[PDB]
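Here is the file structure.cif (mmCIF, C-alpha atoms and all ligand atoms).
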data_structure
loop_
_atom_site.group_PDB
_atom_site.id
_atom_site.type_symbol
_atom_site.label_atom_id
_atom_site.label_comp_id
_atom_site.auth_asym_id
_atom_site.auth_seq_id
_atom_site.Cartn_x
_atom_site.Cartn_y
_atom_site.Cartn_z
ATOM 1 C CA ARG A 1 58.846 -85.511 81.292
ATOM 2 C CA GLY A 2 59.198 -87.099 84.729
ATOM 3 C CA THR A 3 56.436 -88.157 87.104
ATOM 4 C CA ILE A 4 57.963 -86.906 90.382
ATOM 5 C CA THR A 5 58.691 -83.192 90.765
ATOM 6 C CA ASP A 6 59.390 -80.821 93.635
ATOM 7 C CA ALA A 7 56.642 -80.825 96.239
ATOM 8 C CA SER A 8 55.316 -77.338 96.921
ATOM 9 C CA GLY A 9 55.317 -75.697 100.341
ATOM 10 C CA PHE A 10 58.337 -77.739 101.370
ATOM 11 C CA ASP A 11 59.697 -78.025 104.909
ATOM 12 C CA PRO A 12 62.306 -80.771 105.456
ATOM 13 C CA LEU A 13 62.455 -80.518 109.252
ATOM 14 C CA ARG A 14 58.720 -81.252 109.309
ATOM 15 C CA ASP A 15 58.924 -84.175 106.890
ATOM 16 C CA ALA A 16 61.691 -85.503 109.135
ATOM 17 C CA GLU A 17 59.241 -85.146 112.021
ATOM 18 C CA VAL A 18 56.693 -87.146 110.020
ATOM 19 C CA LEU A 19 59.241 -89.914 109.452
ATOM 20 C CA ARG A 20 60.384 -89.939 113.084
ATOM 21 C CA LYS A 21 56.795 -90.381 114.267
ATOM 22 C CA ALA A 22 56.262 -93.141 111.693
ATOM 23 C CA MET A 23 59.202 -95.130 113.120
ATOM 24 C CA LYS A 24 59.334 -94.081 116.777
ATOM 25 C CA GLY A 25 57.797 -96.633 119.116
ATOM 26 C CA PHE A 26 56.518 -100.121 118.478
ATOM 27 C CA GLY A 27 55.316 -101.064 115.015
ATOM 28 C CA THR A 28 55.789 -99.050 111.843
ATOM 29 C CA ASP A 29 53.597 -96.684 109.807
ATOM 30 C CA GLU A 30 54.569 -97.753 106.302
ATOM 31 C CA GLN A 31 51.886 -95.564 104.712
ATOM 32 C CA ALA A 32 53.264 -92.296 106.107
ATOM 33 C CA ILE A 33 56.768 -93.089 104.835
ATOM 34 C CA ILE A 34 55.344 -93.667 101.348
ATOM 35 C CA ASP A 35 53.109 -90.588 101.379
ATOM 36 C CA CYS A 36 56.143 -88.444 102.293
ATOM 37 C CA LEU A 37 59.249 -89.805 100.560
ATOM 38 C CA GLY A 38 57.310 -90.898 97.476
ATOM 39 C CA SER A 39 55.907 -87.376 97.015
ATOM 40 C CA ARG A 40 59.245 -85.522 97.222
ATOM 41 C CA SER A 41 61.919 -84.910 94.621
ATOM 42 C CA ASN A 42 65.283 -86.536 95.270
ATOM 43 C CA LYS A 43 66.925 -83.228 96.196
ATOM 44 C CA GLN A 44 64.190 -82.711 98.792
ATOM 45 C CA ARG A 45 64.821 -86.162 100.262
ATOM 46 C CA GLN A 46 68.412 -85.012 100.814
ATOM 47 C CA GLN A 47 67.250 -81.946 102.739
ATOM 48 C CA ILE A 48 64.924 -84.188 104.761
ATOM 49 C CA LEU A 49 67.896 -86.458 105.420
ATOM 50 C CA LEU A 50 69.930 -83.514 106.721
ATOM 51 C CA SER A 51 67.018 -82.175 108.780
ATOM 52 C CA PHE A 52 66.360 -85.604 110.301
ATOM 53 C CA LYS A 53 69.952 -85.967 111.505
ATOM 54 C CA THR A 54 70.058 -82.359 112.738
ATOM 55 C CA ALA A 55 66.899 -82.611 114.838
ATOM 56 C CA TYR A 56 67.399 -86.060 116.371
ATOM 57 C CA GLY A 57 71.066 -86.939 115.866
ATOM 58 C CA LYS A 58 70.027 -90.218 114.230
ATOM 59 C CA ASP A 59 70.683 -91.480 110.711
ATOM 60 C CA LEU A 60 67.457 -91.616 108.705
ATOM 61 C CA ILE A 61 68.762 -94.238 106.272
ATOM 62 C CA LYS A 62 69.977 -96.396 109.156
ATOM 63 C CA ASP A 63 66.573 -96.249 110.853
ATOM 64 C CA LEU A 64 64.518 -97.041 107.748
ATOM 65 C CA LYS A 65 66.969 -99.855 106.992
ATOM 66 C CA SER A 66 66.255 -101.473 110.371
ATOM 67 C CA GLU A 67 62.548 -100.565 110.409
ATOM 68 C CA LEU A 68 61.614 -101.834 106.930
ATOM 69 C CA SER A 69 62.349 -105.100 105.154
ATOM 70 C CA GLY A 70 61.961 -106.882 101.846
ATOM 71 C CA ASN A 71 61.621 -105.186 98.488
ATOM 72 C CA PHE A 72 59.678 -102.371 100.153
ATOM 73 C CA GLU A 73 62.871 -101.497 102.031
ATOM 74 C CA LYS A 74 64.922 -101.710 98.836
ATOM 75 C CA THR A 75 62.638 -99.260 97.032
ATOM 76 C CA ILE A 76 62.862 -96.744 99.879
ATOM 77 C CA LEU A 77 66.651 -96.946 100.175
ATOM 78 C CA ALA A 78 66.952 -96.623 96.395
ATOM 79 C CA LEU A 79 64.778 -93.502 96.610
ATOM 80 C CA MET A 80 67.075 -92.012 99.264
ATOM 81 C CA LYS A 81 70.209 -92.194 97.109
ATOM 82 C CA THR A 82 71.033 -89.362 94.742
ATOM 83 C CA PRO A 83 70.739 -90.192 91.022
ATOM 84 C CA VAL A 84 74.526 -90.455 90.675
ATOM 85 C CA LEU A 85 75.074 -92.533 93.821
ATOM 86 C CA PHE A 86 72.182 -94.863 93.011
ATOM 87 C CA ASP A 87 73.788 -95.527 89.620
ATOM 88 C CA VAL A 88 77.127 -96.029 91.382
ATOM 89 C CA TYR A 89 75.868 -98.701 93.773
ATOM 90 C CA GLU A 90 73.807 -100.472 91.100
ATOM 91 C CA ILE A 91 76.941 -100.924 88.989
ATOM 92 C CA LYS A 92 78.806 -102.135 92.077
ATOM 93 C CA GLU A 93 76.233 -104.802 92.947
ATOM 94 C CA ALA A 94 76.031 -105.917 89.306
ATOM 95 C CA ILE A 95 79.781 -106.652 89.436
ATOM 96 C CA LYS A 96 79.735 -107.779 93.079
ATOM 97 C CA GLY A 97 80.455 -111.418 93.844
ATOM 98 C CA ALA A 98 80.438 -114.210 91.292
ATOM 99 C CA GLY A 99 78.696 -113.674 87.979
ATOM 100 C CA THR A 100 77.676 -110.428 86.335
ATOM 101 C CA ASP A 101 74.435 -108.495 85.914
ATOM 102 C CA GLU A 102 75.270 -107.420 82.380
ATOM 103 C CA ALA A 103 71.774 -106.078 81.698
ATOM 104 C CA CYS A 104 72.134 -103.512 84.492
ATOM 105 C CA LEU A 105 75.518 -102.365 83.189
ATOM 106 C CA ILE A 106 73.961 -102.103 79.722
ATOM 107 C CA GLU A 107 70.824 -100.316 80.929
ATOM 108 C CA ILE A 108 72.819 -97.583 82.673
ATOM 109 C CA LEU A 109 75.725 -97.060 80.286
ATOM 110 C CA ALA A 110 73.452 -97.009 77.218
ATOM 111 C CA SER A 111 70.865 -94.503 78.500
ATOM 112 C CA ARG A 112 72.657 -91.885 80.607
ATOM 113 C CA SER A 113 73.965 -88.619 79.181
ATOM 114 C CA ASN A 114 77.590 -87.543 78.823
ATOM 115 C CA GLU A 115 77.377 -85.172 81.788
ATOM 116 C CA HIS A 116 75.824 -87.843 84.007
ATOM 117 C CA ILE A 117 78.350 -90.522 83.032
ATOM 118 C CA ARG A 118 81.257 -88.168 83.726
ATOM 119 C CA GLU A 119 79.760 -87.795 87.211
ATOM 120 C CA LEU A 120 79.497 -91.579 87.577
ATOM 121 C CA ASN A 121 83.254 -91.883 87.009
ATOM 122 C CA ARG A 122 84.153 -89.345 89.696
ATOM 123 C CA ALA A 123 81.608 -90.740 92.157
ATOM 124 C CA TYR A 124 82.592 -94.369 91.568
ATOM 125 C CA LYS A 125 86.256 -93.555 92.207
ATOM 126 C CA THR A 126 85.402 -91.498 95.296
ATOM 127 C CA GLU A 127 83.210 -94.200 96.825
ATOM 128 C CA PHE A 128 85.200 -97.329 95.938
ATOM 129 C CA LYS A 129 88.776 -98.549 95.691
ATOM 130 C CA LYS A 130 88.696 -98.851 91.903
ATOM 131 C CA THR A 131 87.756 -96.553 89.046
ATOM 132 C CA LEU A 132 84.631 -97.222 87.006
ATOM 133 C CA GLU A 133 86.802 -98.416 84.121
ATOM 134 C CA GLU A 134 88.847 -100.767 86.305
ATOM 135 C CA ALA A 135 85.583 -102.161 87.684
ATOM 136 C CA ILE A 136 84.350 -102.783 84.132
ATOM 137 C CA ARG A 137 87.538 -104.521 82.974
ATOM 138 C CA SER A 138 87.366 -106.952 85.884
ATOM 139 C CA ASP A 139 83.863 -108.229 85.102
ATOM 140 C CA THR A 140 83.556 -108.035 81.287
ATOM 141 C CA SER A 141 85.664 -109.203 78.353
ATOM 142 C CA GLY A 142 85.974 -109.134 74.579
ATOM 143 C CA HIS A 143 84.257 -106.584 72.374
ATOM 144 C CA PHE A 144 81.565 -106.223 75.048
ATOM 145 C CA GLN A 145 84.109 -104.869 77.532
ATOM 146 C CA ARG A 146 85.146 -102.327 74.893
ATOM 147 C CA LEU A 147 81.504 -101.350 74.391
ATOM 148 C CA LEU A 148 81.053 -100.507 78.069
ATOM 149 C CA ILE A 149 84.414 -98.729 78.281
ATOM 150 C CA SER A 150 83.471 -96.643 75.241
ATOM 151 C CA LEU A 151 80.086 -95.636 76.659
ATOM 152 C CA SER A 152 81.666 -95.084 80.089
ATOM 153 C CA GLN A 153 83.693 -92.173 78.667
ATOM 154 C CA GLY A 154 80.651 -89.901 78.414
ATOM 155 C CA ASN A 155 82.175 -88.447 75.246
ATOM 156 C CA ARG A 156 79.513 -88.996 72.581
ATOM 157 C CA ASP A 157 79.501 -86.241 69.976
ATOM 158 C CA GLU A 158 76.974 -83.771 71.373
ATOM 159 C CA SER A 159 76.344 -82.037 68.045
ATOM 160 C CA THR A 160 72.859 -81.986 66.534
ATOM 161 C CA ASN A 161 73.876 -81.049 62.970
ATOM 162 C CA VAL A 162 73.716 -83.920 60.468
ATOM 163 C CA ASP A 163 75.981 -84.279 57.418
ATOM 164 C CA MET A 164 74.343 -86.669 54.960
ATOM 165 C CA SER A 165 77.677 -87.107 53.170
ATOM 166 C CA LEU A 166 79.077 -88.595 56.381
ATOM 167 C CA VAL A 167 75.826 -90.370 57.296
ATOM 168 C CA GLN A 168 75.838 -92.299 54.019
ATOM 169 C CA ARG A 169 79.540 -93.031 54.518
ATOM 170 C CA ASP A 170 78.738 -94.432 57.966
ATOM 171 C CA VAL A 171 75.937 -96.566 56.503
ATOM 172 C CA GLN A 172 78.277 -98.017 53.873
ATOM 173 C CA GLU A 173 80.866 -98.795 56.553
ATOM 174 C CA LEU A 174 78.326 -100.580 58.764
ATOM 175 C CA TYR A 175 77.134 -102.621 55.782
ATOM 176 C CA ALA A 176 80.751 -103.578 55.053
ATOM 177 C CA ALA A 177 81.605 -104.313 58.697
ATOM 178 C CA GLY A 178 78.958 -107.015 59.127
ATOM 179 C CA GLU A 179 76.168 -107.925 56.731
ATOM 180 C CA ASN A 180 78.166 -107.643 53.482
ATOM 181 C CA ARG A 181 81.044 -109.836 54.673
ATOM 182 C CA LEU A 182 81.877 -113.166 56.256
ATOM 183 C CA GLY A 183 82.288 -112.550 59.962
ATOM 184 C CA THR A 184 81.967 -109.263 61.799
ATOM 185 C CA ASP A 185 84.193 -106.254 62.497
ATOM 186 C CA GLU A 186 82.702 -105.424 65.890
ATOM 187 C CA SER A 187 85.088 -102.488 66.339
ATOM 188 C CA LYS A 188 83.506 -100.602 63.427
ATOM 189 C CA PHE A 189 80.065 -100.863 65.022
ATOM 190 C CA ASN A 190 81.523 -99.790 68.365
ATOM 191 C CA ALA A 191 83.236 -96.666 67.030
ATOM 192 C CA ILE A 192 80.221 -95.494 65.036
ATOM 193 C CA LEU A 193 77.481 -96.256 67.568
ATOM 194 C CA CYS A 194 79.401 -94.910 70.574
ATOM 195 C CA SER A 195 81.186 -91.819 69.237
ATOM 196 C CA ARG A 196 78.735 -90.415 66.688
ATOM 197 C CA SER A 197 76.093 -87.895 67.707
ATOM 198 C CA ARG A 198 72.474 -88.858 68.322
ATOM 199 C CA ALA A 199 71.146 -86.676 65.499
ATOM 200 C CA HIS A 200 73.747 -88.296 63.236
ATOM 201 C CA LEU A 201 73.016 -91.896 64.231
ATOM 202 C CA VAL A 202 69.251 -91.413 63.874
ATOM 203 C CA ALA A 203 69.897 -90.378 60.270
ATOM 204 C CA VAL A 204 72.182 -93.396 59.824
ATOM 205 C CA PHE A 205 69.470 -95.794 60.990
ATOM 206 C CA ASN A 206 66.983 -94.288 58.534
ATOM 207 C CA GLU A 207 69.506 -94.272 55.678
ATOM 208 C CA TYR A 208 70.680 -97.804 56.499
ATOM 209 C CA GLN A 209 67.074 -99.006 56.297
ATOM 210 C CA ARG A 210 66.527 -97.222 52.981
ATOM 211 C CA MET A 211 69.574 -98.685 51.234
ATOM 212 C CA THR A 212 69.577 -102.256 52.563
ATOM 213 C CA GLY A 213 65.825 -102.543 53.151
ATOM 214 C CA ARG A 214 66.583 -103.929 56.630
ATOM 215 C CA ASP A 215 66.683 -102.240 60.023
ATOM 216 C CA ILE A 216 70.065 -101.862 61.707
ATOM 217 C CA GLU A 217 68.790 -103.842 64.699
ATOM 218 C CA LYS A 218 68.293 -106.969 62.584
ATOM 219 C CA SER A 219 71.831 -106.776 61.190
ATOM 220 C CA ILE A 220 73.048 -106.562 64.794
ATOM 221 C CA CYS A 221 71.002 -109.616 65.764
ATOM 222 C CA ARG A 222 72.304 -111.431 62.681
ATOM 223 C CA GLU A 223 75.950 -110.463 63.205
ATOM 224 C CA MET A 224 76.301 -110.574 66.999
ATOM 225 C CA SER A 225 75.294 -112.805 69.891
ATOM 226 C CA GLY A 226 75.510 -112.739 73.658
ATOM 227 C CA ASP A 227 76.011 -109.646 75.771
ATOM 228 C CA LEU A 228 77.641 -107.772 72.887
ATOM 229 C CA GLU A 229 74.359 -108.159 70.999
ATOM 230 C CA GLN A 230 72.197 -106.956 73.895
ATOM 231 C CA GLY A 231 74.619 -104.066 74.370
ATOM 232 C CA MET A 232 74.482 -102.829 70.784
ATOM 233 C CA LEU A 233 70.688 -103.111 70.647
ATOM 234 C CA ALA A 234 70.321 -101.225 73.933
ATOM 235 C CA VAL A 235 72.486 -98.428 72.513
ATOM 236 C CA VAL A 236 70.549 -98.255 69.241
ATOM 237 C CA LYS A 237 67.218 -98.471 71.066
ATOM 238 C CA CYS A 238 68.174 -95.667 73.458
ATOM 239 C CA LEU A 239 69.399 -93.522 70.563
ATOM 240 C CA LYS A 240 66.059 -94.091 68.826
ATOM 241 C CA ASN A 241 63.595 -93.945 71.740
ATOM 242 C CA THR A 242 64.934 -94.103 75.292
ATOM 243 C CA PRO A 243 61.410 -94.141 76.822
ATOM 244 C CA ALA A 244 60.421 -97.059 74.580
ATOM 245 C CA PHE A 245 63.603 -98.898 75.572
ATOM 246 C CA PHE A 246 62.880 -98.663 79.300
ATOM 247 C CA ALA A 247 59.222 -99.558 78.734
ATOM 248 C CA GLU A 248 60.403 -102.801 77.128
ATOM 249 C CA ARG A 249 62.837 -103.592 79.951
ATOM 250 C CA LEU A 250 60.035 -102.990 82.454
ATOM 251 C CA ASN A 251 57.711 -105.301 80.515
ATOM 252 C CA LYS A 252 60.355 -108.040 80.399
ATOM 253 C CA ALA A 253 61.015 -107.645 84.130
ATOM 254 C CA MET A 254 57.364 -108.449 84.949
ATOM 255 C CA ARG A 255 56.300 -111.035 82.360
ATOM 256 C CA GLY A 256 56.395 -114.576 83.681
ATOM 257 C CA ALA A 257 55.379 -115.918 87.062
ATOM 258 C CA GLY A 258 58.408 -114.306 88.720
ATOM 259 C CA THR A 259 59.625 -110.725 88.745
ATOM 260 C CA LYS A 260 62.999 -109.035 88.213
ATOM 261 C CA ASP A 261 62.710 -106.796 91.260
ATOM 262 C CA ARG A 262 66.166 -105.218 90.969
ATOM 263 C CA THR A 263 65.351 -104.062 87.434
ATOM 264 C CA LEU A 264 61.801 -102.988 88.303
ATOM 265 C CA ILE A 265 63.054 -100.917 91.241
ATOM 266 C CA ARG A 266 66.003 -99.438 89.341
ATOM 267 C CA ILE A 267 64.014 -98.249 86.319
ATOM 268 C CA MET A 268 61.088 -96.730 88.222
ATOM 269 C CA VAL A 269 63.406 -94.965 90.672
ATOM 270 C CA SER A 270 66.127 -93.941 88.217
ATOM 271 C CA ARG A 271 63.788 -92.450 85.585
ATOM 272 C CA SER A 272 61.127 -90.994 87.907
ATOM 273 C CA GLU A 273 62.525 -87.453 87.527
ATOM 274 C CA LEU A 274 63.664 -87.758 83.884
ATOM 275 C CA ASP A 275 61.214 -89.434 81.473
ATOM 276 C CA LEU A 276 58.973 -91.861 83.374
ATOM 277 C CA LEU A 277 55.938 -90.086 81.909
ATOM 278 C CA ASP A 278 57.189 -90.920 78.415
ATOM 279 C CA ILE A 279 57.945 -94.492 79.503
ATOM 280 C CA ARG A 280 54.357 -94.861 80.721
ATOM 281 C CA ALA A 281 52.991 -93.582 77.410
ATOM 282 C CA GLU A 282 55.336 -95.838 75.436
ATOM 283 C CA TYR A 283 54.305 -98.749 77.648
ATOM 284 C CA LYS A 284 50.619 -98.278 76.823
ATOM 285 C CA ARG A 285 51.179 -97.979 73.065
ATOM 286 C CA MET A 286 53.398 -101.069 72.870
ATOM 287 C CA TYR A 287 51.568 -103.539 75.136
ATOM 288 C CA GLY A 288 48.008 -102.182 75.366
ATOM 289 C CA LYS A 289 47.820 -102.383 79.148
ATOM 290 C CA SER A 290 49.151 -99.512 81.231
ATOM 291 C CA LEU A 291 52.396 -99.706 83.174
ATOM 292 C CA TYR A 292 50.313 -99.001 86.279
ATOM 293 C CA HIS A 293 48.151 -102.037 85.484
ATOM 294 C CA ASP A 294 50.988 -104.538 85.066
ATOM 295 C CA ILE A 295 52.562 -103.389 88.347
ATOM 296 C CA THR A 296 49.444 -104.120 90.402
ATOM 297 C CA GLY A 297 49.352 -107.656 88.991
ATOM 298 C CA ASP A 298 53.018 -108.504 89.588
ATOM 299 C CA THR A 299 53.576 -106.898 93.017
ATOM 300 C CA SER A 300 51.682 -106.496 96.279
ATOM 301 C CA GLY A 301 51.801 -104.916 99.713
ATOM 302 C CA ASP A 302 53.704 -101.759 100.550
ATOM 303 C CA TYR A 303 56.228 -102.676 97.848
ATOM 304 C CA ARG A 304 53.515 -102.281 95.208
ATOM 305 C CA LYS A 305 52.175 -99.118 96.848
ATOM 306 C CA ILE A 306 55.452 -97.204 96.632
ATOM 307 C CA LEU A 307 56.040 -98.402 93.059
ATOM 308 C CA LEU A 308 52.580 -97.181 92.046
ATOM 309 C CA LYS A 309 53.196 -93.966 93.991
ATOM 310 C CA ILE A 310 56.232 -93.443 91.753
ATOM 311 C CA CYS A 311 54.219 -94.297 88.633
ATOM 312 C CA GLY A 312 51.519 -91.743 89.431
ATOM 313 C CA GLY A 313 53.953 -89.302 91.016
ATOM 314 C CA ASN A 314 52.301 -86.101 92.218
HETATM 315 CA CA CA A 401 58.973 -98.761 115.280
HETATM 316 CA CA CA A 402 78.414 -111.411 58.221
HETATM 317 CA CA CA A 403 72.568 -113.329 66.963
#
Please render this file's structure as structure tokens.
Ligand SMILES: [Ca+2]
Ligand SMILES: [Ca+2]
Ligand SMILES: [Ca+2]
Amino acid sequence: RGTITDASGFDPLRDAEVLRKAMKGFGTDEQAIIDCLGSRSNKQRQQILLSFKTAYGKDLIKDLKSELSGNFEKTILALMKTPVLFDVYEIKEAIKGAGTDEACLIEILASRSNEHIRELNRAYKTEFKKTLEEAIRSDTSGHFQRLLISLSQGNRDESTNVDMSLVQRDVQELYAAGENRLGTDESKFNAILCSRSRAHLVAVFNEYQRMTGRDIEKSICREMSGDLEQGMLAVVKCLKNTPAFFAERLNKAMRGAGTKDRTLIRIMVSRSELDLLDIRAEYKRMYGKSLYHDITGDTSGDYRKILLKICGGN
């Protein structure tokens, strides 16, 4: 379901030779870097990284970092991190400094699996002073902080069996926690949307629509505002259709005269080996133009080339 897969006939020491020749000497051969790194799975880029340092006793990442610049550099460095460590540094930068990149925290914590999130916690603690949870608490507050802490446990019910008796009970509780009352009990939404299984919550959304005649997402928009609202919707959307969710975030990152380059880079890189094919399909059905098309119009240069290389893949 991804666009980038293992390149066949693989030799990392040779790809390291390709990259050395592309950087050695005056000037830079940006096309050879893209043809190589962009056409290798992430695990293969790690072998290349180890072969590069073995052969020449230089740090590949350090050399690319000084050889390249701009958003083309950022895409390459993002490609060179492992899926877990790329997630780890994206969360760090989102919390870094003043302000918060809540959308990034939401995008990651709402889409990744239990197993992956458990690995984020270990990696975040290993790499940084704080734990993932302590990092969250510092930068978020209210019921939104609880939402991220809940998702950051990687403990969603992994069952696929649905009990309609409990589905209907969950629907009634959601109706009572928001739409059918003055005010909102955000905690009831949190516990149901974060702890219940995906097969269970999909049935809840369909049953909730049947009984109330309204989609759960509209109740959320009616009951909640701010980051808590965007968080809940992201969770529901990912439970429904994770590809369609990312396709929408991509579309919002490009529409306008400007571009959300951090988001654009993160999504293309982070989903390239998971479901970027499905994203592309969802993108075409929802907006008419292809994801490939909108990228060419919003980016340029080597930055666009590597992005499109990821879109097409292999
Ligand atoms: Ca050079
Ligand atoms: Ca209400
Ligand atoms: Ca609202």
List the residues selected by the PyMOL selection byres (((chain A and resi 71) around 10) and not hetatm) in the file shown, writing them as a short mmCIF file (atom, residue, chain, number, x, y, z; two decimals) with C-alpha atoms, in the frame of the given file.
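Contents of selection.cif, as written:
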data_model
loop_
_atom_site.label_atom_id
_atom_site.label_comp_id
_atom_site.auth_asym_id
_atom_site.auth_seq_id
_atom_site.Cartn_x
_atom_site.Cartn_y
_atom_site.Cartn_z
CA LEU A 68 61.61 -101.83 106.93
CA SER A 69 62.35 -105.10 105.15
CA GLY A 70 61.96 -106.88 101.85
CA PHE A 72 59.68 -102.37 100.15
CA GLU A 73 62.87 -101.50 102.03
CA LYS A 74 64.92 -101.71 98.84
CA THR A 75 62.64 -99.26 97.03
CA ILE A 76 62.86 -96.74 99.88
CA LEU A 77 66.65 -96.95 100.18
CA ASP A 261 62.71 -106.80 91.26
CA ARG A 262 66.17 -105.22 90.97
CA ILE A 265 63.05 -100.92 91.24
CA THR A 299 53.58 -106.90 93.02
CA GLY A 301 51.80 -104.92 99.71
CA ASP A 302 53.70 -101.76 100.55
CA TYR A 303 56.23 -102.68 97.85
CA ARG A 304 53.52 -102.28 95.21
#
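Comparing A:66, A:165, A:219, A:150 by their smallest distance to residue 28 in chain A, the closest is A:66 (using all atoms listed in the file).
Excluding residue 169 in chain A itself and any same-chain residue fewer than 3 positions from it, the protein and nucleic acid residues within 12 Å of it, counting all atoms listed in the file, are residues 163, 164, 165, 166, 172, 173, 174, 175, 176, 192, 200, 201, 203, 204, 207, 208 and 211 of chain A.
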Enumerate as a ChimeraX atom specification the residues within 10 Å of ligand CA 403 (chain A), counting all atoms listed in the file.
/A:218-226,228-230
Mind listing the residues within 7 Å of ligand CA 402 (chain A), all atoms listed in the file counted, as a list in words?
residues 178, 179, 180, 181, 182, 183, 184 and 223 of chain A
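Neighbours of ligand CA 401 (chain A) at a cut-off of 12 Å, computed so that only C-alpha atoms and all ligand atoms are counted, are the residues residues 19, 20, 21, 22, 23, 24, 25, 26, 27, 28, 29, 30, 63, 64, 65, 66, 67 and 68 of chain A.
One distance worth recording is that between CA of residue 1 in chain A and CA of residue 273 in chain A, which is 7.5 Å.
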If we count all atoms listed in the file and set the cut-off at 10 Å, which residues sit around residue 232 in chain A, ignoring sequence neighbours fewer than 2 positions away in its own chain? Please answer as a VMD selection string.
chain A and resid 106 110 144 147 186 189 to 190 193 to 194 217 220 to 221 224 227 to 230 234 to 238
Figure out the distance between CA of residue 131 in chain A and CA of residue 91 in chain A, please, to one decimal in Å.
11.7 Å
